[PDB]
């Protein structure tokens, strides 16, 4: 269960943490002006965290402007039970390369899922990215780089940044990076360089719907063989005409899992569904997602269950 712990300027962290009920699995400390909290108290508060907590949200705390040595201490002091850490929206890019290296190296090896979204990382060169990320604990298999305006980077720099992704990362979130700002050829080359290690890729909310379908077809086909799970939601796909969809034929044939906007498939005809499904002929799991980014369970909606069958190209007795 989730639990938001609101901290005020005068709050004592140690006292506030005692009120966290046992059973809490996800602890939200976001938007708490943590950059100005007493480091000693927060370190102590961390020691009295319920063992059930496996997820920690430190987002929106201006931590980029917290004394660097103290930031290192706070990260090192994160309870061992915590496996997922959200450091998004913290102005981390204001930290120099040398401070940033120590900061990231301070993240406990116990962390396997890391959110570095919304940290102005577009301000870093690929050399600085490489230096920064080379010090991440090798325990990290899931890395979130959402909202870092990566789409503003020249294609050459973007390709080197992909080179900087730790070899242990198998799940990469590139959501909301204005990636469709780049022209088709550039974007196709970028995607072709997705590291061999990455088998899950999130490209949601990247304005991909602004591209022509012939462009998208080329873009999708450039996604390497090894990425078998792809999130394409919130990409504003327009006029999914039957001929448009036809162009995407086979372009995502390596996919095993795909995430799609329910609002998009919801209005498609059988033929349209079959045509979209033809982009990923080897699909294994389709996941439709509502407006708020919530996965929609097949086995409690008839329409949803019909959509999937029709997008999977599965057949029932009548149809045959």
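Residue numbers count along the first chain shown, from 1.
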property: Residue range whose averaged C-alpha B-factor is higher in the record, 218-226 or 106-114; result: 218-226
property: Selected stretch [higher average CA B-factor]: 271-279 or 32-40; result: 271-279
property: Identity of residue with top Cα B-factor, from 92, 196, 75, 203; result: 196
property: Of the residues 125, 83, 131, 244, the one carrying the largest Cα B-factor as recorded; result: 244
property: Position of residue 292 among the chain's modelled residues by C-alpha B-factor, lowest, middle or highest third; result: highest
property: Assigned third (lowest, middle, highest) for the C-alpha B factor of residue 189; result: middle
property: Record-listed C-alpha B factor of residue 79: chain third; result: middle
property: Residue 7 by Cα B-factor - lowest, middle or highest third of the modelled chain; result: middle
property: Modelled-residue ranking by C-alpha temperature factor, third containing residue 135; result: middle
